[PDB]
Amino acid sequence: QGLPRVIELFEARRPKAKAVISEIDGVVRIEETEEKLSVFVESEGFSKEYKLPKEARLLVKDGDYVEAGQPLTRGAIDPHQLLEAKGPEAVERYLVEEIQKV
């Protein structure tokens, strides 16, 4: 994506084709009707229902364990959501590596 991707990173914009990340650690449970599609990240005392469009490529198959801040869909991560999910060091790592890819 070239120079626009770099600008999008240095400006910390929320990208348009944004991946969906998990807000908590937990276990995946896909719930796929032929009309709608959702992913649950469930833990001992928390349930996280992420309703996403039916055409989203998942990085996560049913039953996997995910860290808080791990991507479930494909695409670019919103840096502010990553910061809230996972903290400063992870956002630095992601910004540096994503800029260097280009």
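Residues numbered from 1 in each chain as written, not as in the entry; some residues may be left out. Part of a larger assembly, values for the part shown. Heavy atoms only, no water. Residues with missing side-chain atoms left out of burial classes, pairs and counts.

As documented in the archive entry, the model was determined using X-ray crystallography at 2.512 Å resolution.

Visitor: Looking at this structure, how should I read the sheet that holds strand β1 (residues 26-32)?
Guide: Two modes of strand pairing occur in sheets, parallel and antiparallel, and in both the strands are linked by backbone hydrogen bonds. Spatial ordering of the open sheet is given by β3-β2-β1-β4, a layout of four strands whose pairing is antiparallel. The sheet terminates laterally at β3 (47-51) and β4 (65-66), the two strands that pair on one side only. Summarising the sheet, strand β2 (residues 37-42) and β3 pair through five bridges and their orientation is antiparallel. The residue bridging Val-41 from the neighbouring strand is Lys-48, located in β3. (Pairing = 2+ DSSP bridges. Helix = DSSP H or I, 4+ residues; strand = E, 2+ residues; numbered from the N terminus.)

Visitor: I tried to follow the packing of helix α2 (residues 79-86) against helix α3 (residues 88-101) on my own but got confused; where do I start?
Guide: When two helices pack together, their arrangement is given by the angle between the helix axes and by the axis-to-axis distance. Relative to each other, α2 and α3 sit at 145°, their axes nearing to 7 Å. In contact with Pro-79, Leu-82, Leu-83 and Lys-86 of α2, α3 contributes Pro-88, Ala-90, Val-91, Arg-93, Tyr-94 and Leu-95. The residue inventory of the contact of α2 with α3, partitioned by class, reads eight nonpolar, no polar and two charged. (Axes fitted to C-alpha atoms, helices over the stretch in contact; angles between N-to-C directions. Contact = heavy atoms within 4.5 Å. Nonpolar A, V, L, I, M, F, W, Y, C, P; charged D, E, K, R; others polar.)

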